[PDB]
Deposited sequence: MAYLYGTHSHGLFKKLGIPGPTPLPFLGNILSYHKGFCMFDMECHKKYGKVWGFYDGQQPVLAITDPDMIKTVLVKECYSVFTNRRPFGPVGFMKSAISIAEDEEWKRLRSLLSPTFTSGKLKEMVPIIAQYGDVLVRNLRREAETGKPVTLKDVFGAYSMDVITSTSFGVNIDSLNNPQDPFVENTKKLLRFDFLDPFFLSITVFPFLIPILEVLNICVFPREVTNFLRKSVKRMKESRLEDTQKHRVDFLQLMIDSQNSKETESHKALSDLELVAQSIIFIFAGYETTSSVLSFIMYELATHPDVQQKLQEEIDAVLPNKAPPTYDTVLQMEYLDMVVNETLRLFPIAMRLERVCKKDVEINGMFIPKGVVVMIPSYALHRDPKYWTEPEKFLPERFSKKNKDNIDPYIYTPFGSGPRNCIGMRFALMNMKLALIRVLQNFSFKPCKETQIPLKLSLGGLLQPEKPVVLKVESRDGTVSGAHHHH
């Protein structure tokens, strides 16, 4: 089974038996994807155990898989287990059950619904300043992820449910999902062990965080919100499926929002001029520290360039994947049934044949003077096509709203302990080795 890509004439590193090519993951997913993108070219294949992976970098081929041939062939992501009752979570769900859930939740983030959330997000923007002013009046390096995470948690809890929480350090036991070496190295490389753990109620999500969130949502039936949108569409949605969806939203609303914001601040400190240009624009659109509104956030263009260049340098995706569910021949390339087509997003976001000086932080790539020279199937921080990020527009809102309220009040300088250059987590997920600490100064 380790000779499929040799058959199709698709290059790739030689796999060791059983292990495939996982030993190349010692420098992490991303360093391996960049190496092969240089070593082999536009299309190559490797193995995660006995699961062949077809990496494609052709924008047409990427558009065909993400957008064109989505509903017919490339509908599902690579399977993820054991998960227990989280099998109904939309992002894991497959085929018709996913389509049923995706439409069931698409009206959550309409521009009408997102506008309604601006007065709610406006409250916790001030709690963020106050919690910052404390660690600013005392010259004490601030761990941004702790205070950003404290902010994103309060926002996602109210925008989708109705519960608040003010720093009583729903308590954000969102402390699981620790990706790394075993026991994930075993499952991806030895896959039929997943049905074993499933029948044992063994779950990659710990029992503590689940039963804690399993009950907490029950207190959320106080007698239009996301949860208010689910019972109105239940009145056939299970009582347990509703919780699985909730857990998806709370996690992504906390981790990803606080992570990208932290990455964003590290970039603004390491480039003081960029932070000046961005602060000068926020005072131009919202003077006297004017309250940021839905229409002002979409107006700020440099803010959007700072968000996207950060997302370019730190794609919290790294890869996009779809399982090819039947034989096809996309763009003159036959692809057998079962292969996992993979888009190496991280490598694509640094390919010198698309970006000038790819490693340097330069918001000016995404200027309207230059954003024409940017292929939207090379740069897809929120994915693309029917199965792209369902929270994209809301997340770009929540991040931009907070970036405004903070930059109106403080500035950010590096510390002695600030890791420069920042080493990415050579592990699995896209994080830093050492956390991000920056000095905060009040204006």
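Practice task
Would you flag the ranges of the deposited sequence that the structure leaves without C-alpha positions?
Solution key: 1-8, 178-185, 240-248, 261-268, 477-487 are the stretches of the deposited chain that have no C-alpha coordinates in the structure.
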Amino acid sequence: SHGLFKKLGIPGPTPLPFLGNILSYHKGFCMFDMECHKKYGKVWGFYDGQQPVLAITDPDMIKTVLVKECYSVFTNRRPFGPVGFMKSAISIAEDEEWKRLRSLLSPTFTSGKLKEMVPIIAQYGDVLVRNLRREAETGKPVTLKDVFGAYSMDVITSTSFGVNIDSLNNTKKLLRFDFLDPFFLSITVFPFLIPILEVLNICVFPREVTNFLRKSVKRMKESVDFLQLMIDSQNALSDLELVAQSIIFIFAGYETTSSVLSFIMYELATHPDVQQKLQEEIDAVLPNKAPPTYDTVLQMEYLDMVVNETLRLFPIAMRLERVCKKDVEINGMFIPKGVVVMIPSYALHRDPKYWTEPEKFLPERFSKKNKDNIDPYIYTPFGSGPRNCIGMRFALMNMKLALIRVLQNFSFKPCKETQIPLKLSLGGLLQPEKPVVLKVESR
From here on, numbers count along this sequence of modelled residues.
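We call the rigid core the largest set of C-alpha positions that still match within 1.5 Å between the two forms.
Handout entry: Outlying stretch relative to shown form, 94-102 versus 212-220 in 9 other deposited structures of this protein, C-alpha RMS (core)
Key = Farther on average in 9 other deposited structures of this protein: 212-220.
Exercise for the section: Rigid core fitted first, then name the stretch among 202-210 and 125-133 whose C-alphas deviate most from the displayed form in 9 other deposited structures of this protein. Expected result: Output: 202-210, the stretch lying farther off on average in 9 other deposited structures of this protein.
Practice task
Say whether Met342, which has coordinates in the shown structure, is without coordinates in a third or more of the other compared entries.
Solution key: No, modelled in all of them.
Practice task
Specify whether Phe177 falls into a modelling gap in a third or more of the other PDB entries of this protein.
Solution key: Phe177: unmodelled in a third or more of the comparison entries.
Problem - Residue stretch of maximal mean CA temperature factor, 351-359 vs 298-306 - result: Result: 351-359.
Practice task
Taking the mean of the C-alpha B-factors per stretch from the entry, tell me the winner out of 184-192 and 247-255.
Solution key: Between 184-192 and 247-255, it is 184-192.
Exercise for the section: Determine which member of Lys145, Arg78, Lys221, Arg319 has the highest CA B-factor, using the values in the deposited entry. Expected result: In the PDB entry, the greatest C-alpha B-factor among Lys145, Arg78, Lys221, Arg319 is found at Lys221.
Handout entry: Options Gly84, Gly338, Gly332, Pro344 - largest CA temperature factor per the record
Key = Comparing C-alpha B-factors across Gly84, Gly338, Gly332, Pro344, the top value belongs to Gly332.
Exercise for the section: Check where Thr14 lands among this chain's C-alpha B-factors and tell me if it's the lowest, middle or highest third. Expected result: Middle third by C-alpha B-factor.
Problem - Third of the chain, ranked by Cα B-factor, where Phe410 sits - result: Within its chain, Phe410 is a highest-third residue by C-alpha B-factor, going by the deposited values.
Practice task
Check where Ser262 lands among this chain's C-alpha B-factors and tell me if it's the lowest, middle or highest third.
Solution key: Lowest third, going by the recorded CA B-factors of the chain.
Handout entry: Entry-reported Cα temperature factor of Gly112, expressed as the chain third it lands in
Key = Answer is middle: the recorded C-alpha B-factor places it there.
Practice task
Sort the modelled residues of this chain by their C-alpha B factor and say whether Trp98 lands in the lowest, middle or highest third.
Solution key: Tercile = lowest for this residue's CA B-factor.
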